[PDB]
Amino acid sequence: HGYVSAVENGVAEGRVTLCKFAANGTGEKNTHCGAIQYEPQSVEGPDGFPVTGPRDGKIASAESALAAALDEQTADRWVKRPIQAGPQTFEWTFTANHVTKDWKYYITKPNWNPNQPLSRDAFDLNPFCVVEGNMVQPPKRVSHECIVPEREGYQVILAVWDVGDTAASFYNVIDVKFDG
């Protein structure tokens, strides 16, 4: 159980995170998130993205029954956090720091459609950042240095935390904007 955060040196909070916590240095929150608003740490679903895992249109919710609202997708629905190409630090906070296999970070394809439900066809399915977990328990907060590819405008980053001693992963999409 854990979520992408911006408490110390994280660049951008998860979509779900902003359902509960206000955005570092702007105050914005996401609204109408459903029951997951009480427990952003709980966006867990089946392993194996992208070959299996959460189906198209259910990637943002991970197929969670509490987080169905996260699968809504228009150009205006979600709070967008600024990012740039090049080095960036992503941050997870864990409420339960399970044994970890790895973390992987997907980015959307440049000319993805921001008004259709997220699918595999929306994402570059080669991750842009893979961090080894070494099948041990992380600390309660971690920072991951990643090189973010160049993009224009609104983009989504999927962060996947793959738990070493189950067949489940935690999926946090992040809404980012590469232009003001």
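Start at 1 with the first residue shown and count on from there.
Per-stretch averaging of Cα B factors for 62-70 and 25-33 places 25-33 on top. Between 37-45 and 107-115, it is 107-115 that carries the larger average Cα temperature factor according to the deposited entry. Compared with the other modelled residues of the chain, the Cα B-factor recorded for residue 134 ranks in the highest third.
Ranked by Cα temperature factor within the chain, residue 176 sits in the lowest third according to the deposited record. Ranked within its chain, residue 95 lands in the highest third, by CA B factor from the PDB record. Ranked by Cα temperature factor within the chain, residue 125 sits in the highest third according to the deposited record. The PDB entry assigns residue 143 a C-alpha temperature factor belonging to the middle third of its chain's modelled residues.
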